[PDB]
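Any chance you can model this:
(chains A, B, C, D and E)
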Amino acid sequence: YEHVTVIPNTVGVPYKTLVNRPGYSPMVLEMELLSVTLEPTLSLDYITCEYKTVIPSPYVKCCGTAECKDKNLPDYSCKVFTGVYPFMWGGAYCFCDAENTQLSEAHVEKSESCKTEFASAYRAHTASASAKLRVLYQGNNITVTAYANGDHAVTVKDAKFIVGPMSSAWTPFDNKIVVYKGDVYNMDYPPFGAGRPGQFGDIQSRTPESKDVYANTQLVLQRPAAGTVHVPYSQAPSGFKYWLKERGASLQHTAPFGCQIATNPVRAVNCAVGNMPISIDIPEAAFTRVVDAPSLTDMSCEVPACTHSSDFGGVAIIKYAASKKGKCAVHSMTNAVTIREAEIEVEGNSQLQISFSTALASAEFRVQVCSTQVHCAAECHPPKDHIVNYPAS
Amino acid sequence: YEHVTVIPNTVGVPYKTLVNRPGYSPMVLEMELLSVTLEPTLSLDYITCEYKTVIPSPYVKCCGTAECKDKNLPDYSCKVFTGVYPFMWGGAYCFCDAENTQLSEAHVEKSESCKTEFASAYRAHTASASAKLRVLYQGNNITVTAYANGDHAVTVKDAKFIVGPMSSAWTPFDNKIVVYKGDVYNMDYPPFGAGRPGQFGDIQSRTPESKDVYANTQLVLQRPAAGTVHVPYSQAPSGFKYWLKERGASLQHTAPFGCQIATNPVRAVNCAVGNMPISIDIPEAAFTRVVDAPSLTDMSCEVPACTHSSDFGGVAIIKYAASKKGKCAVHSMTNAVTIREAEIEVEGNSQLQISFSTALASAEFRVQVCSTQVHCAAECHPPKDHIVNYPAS
Amino acid sequence: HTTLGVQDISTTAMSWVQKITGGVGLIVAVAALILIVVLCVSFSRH
Amino acid sequence: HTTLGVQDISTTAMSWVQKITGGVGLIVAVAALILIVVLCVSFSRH
Amino acid sequence: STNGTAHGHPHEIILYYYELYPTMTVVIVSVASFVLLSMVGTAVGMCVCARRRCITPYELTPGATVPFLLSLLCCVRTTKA
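Numbering: from 1, shown residues only, chains lettered A, B, ... in the order given. For reference, the structure is listed below:
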């Protein structure tokens, strides 16, 4: 028997459904969402890290002129300085007074740290949802984990479960994201080969082990000091090192709906919003004909204690007169009141104690025990706490 | 100098653009699209292949009864046949005449071929742009291959090239696709856990190496033949094997706009549709001041031959009076006529021969040689062929 | 579960106030009709 | 390339045919005005 | 909390405001205003109808007075001098 039901997309709240197969005794199933992850594809654009300004020994030409060679290297800079008279430990390195030159060459490379310390620039497309539902089937809790597409079927205790498709499609991630270790940022990063000096993307590489790199650092050579051998330069500081200080809080702290952001691979965990349908194909071996049940008569409902809260703050005693010994289903015919008990045992002239949850101060509700209904009168009182730590219907 | 231009998404047609940097002599660039790649973002739903009906040795119970054990296996089928008298090489296997039973158990598994022979069921979301294009820069053809996103920059001969972003947005793929080796099919495949026997999806698995499988093959055991040990069964034939015969032509042959379908990764190559922007940052090293050039006076245009076709079927002779020896740019100021020559050499009192393409029978067009314009009168005639083998503007 | 739109209780009292409104509307409706009736009588008289 | 919305040539010839249309429209417009003018003359005469 | 006693009468009626609310009462007040307008419109119509009745006998000559009492408060006071 196929049972179709719709429950809200709220994790931690138990929902009860009445399964009524004609000719067979009713069945009560208690479902409760556990989680609802969300993974979305992502095409790596590039990776950014700290840059390395590779500067070799300066070519000091004594009594002559040196010439710059145009090299195909990222941010390659070259300059020749005339009229240089440098000094070393034992005196002057050159013979001539003003006929000496110094070749100062430089280029930008990926630092050795890029394999370890790096930030990845991803492009998020679409997301695939995956979860977890708890079902109280035949007096035992069963765990069901399936895709919420309304196609992926999972069989637990000979019962086919179909979850979804989702009512709604929201994700905390944008079309462009940045990932550093365990933190994800919704950033509008510069495109590949369009990075600016001192900013995030001043050095762009395809992978942390990649050969070719993009570099825009604004590197300019300066004239060396009087009688000094050194390569002075003016360059904008590392954009990655600056970003690591001025990035702020990640999605884990700023995302709405209480989203928890996980890494490797990146994905959003725990998120409420919208509803979800659930199809349960209960085997015919778990059903029992009605002719194999009992009835009831004359039943009075007394409420000795009630406190309107998120949990079952109400106690109700129902008196009855049963025809025979058997199991009878308990369900509230009022949408404002919810009963904790799904099924109880009856005999003859006896009573039953039930736990109930409500929001109203004055609660007049009908309780359907087996196939007969009873009216309950309750004057519930306010609770001590204004804010609770668990969700309710 | 940054030059922004928009060309239609048409492969095989050369387009000419006039680069006019104020104070510098004009430059003409010829651009042609060689190929256009559209890669969709995929999400694997499941994979289908040939199934394996694993049938062990039947348990023949002589002088007794065998009992079926409910096993948790895909398409598990069990049956016990009473009153069996089987025969072997040396005679009867059982002592009793009618007090013997035979347990026939069976289940469906993924075949050994599933790692090699399989069809993948993908869910296409969004796609991206990216393609290559040639351009005659400084009298030489250069090849540029980049993503059509408007971010990926490629430097060829010290000139930065930015291709895209794509105007559209049409793709030959639907929201649900099926991939087999090198063929892609636009199929509305059944969802995961909802496959039918004998059809595509009768056996559903997550990956070719996956542990758990879905099976709906309609497997029923039959009673064995008189004095025979065998497991006869009725089962719907392989849906994957049937589909491999009745699938028809793939997207490579059926897609519009002359789309070419490639695999690993799956994407559409060469597809005419919409336009495409292209940014070219030409270095100042390829620019020449106007002053460094020459002027022109008294100009006359004579057209001795013209045939309106897709190619340059027109010949034009332009007379001039130049101030000095230098290079002057040639460009048609009419959008209906296109000149083959980008730049020519001038001296003084001389002439120049140019090749032109037009569609109009009566063509009155202005040709801008250097910085001065000249009016051309032409009465073009129809060509011998109605259908041509090359595209035009 | 609460969290719904009324109205709800408190009976009696509620009726006390409700009963005060609408009665005068009925009165002026009846009076209007009666005036029309008399007008028709005059029309007939002429 | 090519492919586009006209009109285009072929000049002369094109003008030959174009010149034939619209002239009669101008004529009937002028005649209409003249008729109005005469009508006003009659109105003045009365 | 915000106990929403029943009544009464009324009284409690306003207590519910706190329970499920922002709104509720304002709409009811608007409805009451509309009811008052209907009551006022009826009265205005009734007065005009009362004129319509005293019409004819608005010219002159004996003839009420007379039915001017019994007579919807004018009627008289009106007949006289």
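
Compute the distance between the closest residue to chain D within the stretch 251-393 of chain A and chain C, please.
In the stretch 251-393 of chain A, the residue that lies nearest chain D is residue A:266 (47.1 Å; CB to the nearest CB). Placement of C-beta: from N, CA and C, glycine included. As for residue A:266, its distance to chain C is 36 Å (criterion: CB to the nearest CB, to the nearest Å).

check contacts around that residue.
Applying CB atoms under 8 Å, 6 or more residues apart in numbering or on different chains to residue A:266 gives the contacts A:39, A:42, A:122, A:173, A:177, A:179, A:184.

can we see that at 10 Å?
A:39-40, A:42, A:120, A:122, A:124, A:173, A:177, A:179, A:182-184, A:251 (CB atoms under 10 Å, 6 or more residues apart in numbering or on different chains).

Over to residue C:5?
Neighbour list for residue C:5: E:20, E:23-24 [criterion: CB under 10 Å, 6+ apart].

longest helix anywhere in chain E?
Criterion DSSP state H: the longest helix present in chain E is helix E:25-54.

is that helix up against chain C anywhere?
Yes. Residues of helix E:25-54 are located near chain C by CB under 10 Å from any CB of the partner chain, namely E:28, E:31-32, E:34-36, E:38-46, E:48-50, E:52-53.

What residues of the longest helix along chain C count as buried?
What stands out as the longest helix in chain C, according to DSSP H, is helix C:23-45. By neighbour count with 16 or more other CB atoms under 10 Å in any protein chain shown, helix C:23-45 contains the buried residues C:24, C:28, C:31, C:35.

so which residue of chain C comes closest to chain A?
Across chain C, the shortest distance to chain A (CB to the nearest CB) belongs to residue C:2, at 1.8 Å.

Find the helix or strand that the nearest residue to that residue once chain neighbours are set aside is a member of.
Of all residues not flanking residue C:2 in the chain, residue A:359 sits nearest, at 1.8 Å (CB to CB, 6 or more residues apart in numbering or on different chains). Applying DSSP states H and E as the criterion places residue A:359 outside every helix and strand.

Residue A:359 and residue A:310, how far apart?
Noted for residue A:359: a distance of 9 Å to residue A:310, by CB to CB, to the nearest Å.

Overlap in contacts, the two.
A:392-393, C:1-2.

Return the closest of the residues you listed with respect to chain E.
Closest approach to chain E among the shared contacts of residue A:359 and residue A:310 (CB to the nearest CB): residue C:2, at 7.3 Å.

quick one: contacts for the closest residue to residue A:260 other than its chain neighbours?
The shortest distance from residue A:260 to any non-neighbouring residue, by CB to CB, 6+ apart, is to residue A:269 (4.5 Å). Shown in contact with residue A:269 (CB under 10 Å, 6+ apart): A:35-39, A:259-262.

Take those residues and keep only those in strands.
In this view, these that belong to strands under DSSP state E are A:37-39, A:260-262.

Can you name the residue of chain E nearest chain B?
Nearest residue of chain E to chain B, counting by CB to the nearest CB: residue E:20, 42.0 Å away.

so that residue touches residue C:8, yeah?
Yes. At 8.6 Å, residue E:20 counts as touching residue C:8 under the criterion of CB atoms under 10 Å.

anything in contact with each of those two?
Common contact partners of residue E:20 and residue C:8 (CB under 10 Å, 6+ apart): A:360, E:4.

what sits against the most far-flung residue of chain C relative to its centre?
Farthest-out residue of chain C from its mean C-alpha position, per CA atoms, centre = their mean: residue C:1, at 37.1 Å. Applying CB under 10 Å, 6+ apart to residue C:1 gives the contacts A:310, A:332, A:334-338, A:357-360, A:392-393.

Check residue A:42 too.
A:120-127, A:173, A:176-177, A:179, A:265-267, B:41.

now do residue A:132
Taking CB under 10 Å, 6+ apart, we find residue A:132 in contact with A:11, A:32-37, A:143-146, A:163.

let's see it at 6 Å
Residue A:132 makes contact with A:34-35, A:145, according to CB atoms under 6 Å, 6 or more residues apart in numbering or on different chains.

Which strand or helix spans residue A:184?
Going by DSSP H and E, residue A:184 is in strand A:183-185.

In its sheet, which strands sit next to the helix or strand hosting residue A:278, and in what direction?
Under the criterion of DSSP H and E, residue A:278 resides in strand A:275-281. Here strand A:275-281 is paired, per DSSP bridges, with strand A:2-8 (antiparallel), strand A:159-163 (antiparallel).

Outside of the helix or strand just after the longest one itself, list whatever touches it.
If I follow you right, that is strand A:2-8. As assigned by DSSP H and E, the chain's next helix or strand after strand A:2-8 is strand A:14-19. Contact with strand A:14-19 is made by A:3, A:5, A:7, A:26-32, A:331, as judged by CB under 6 Å, 6+ apart.
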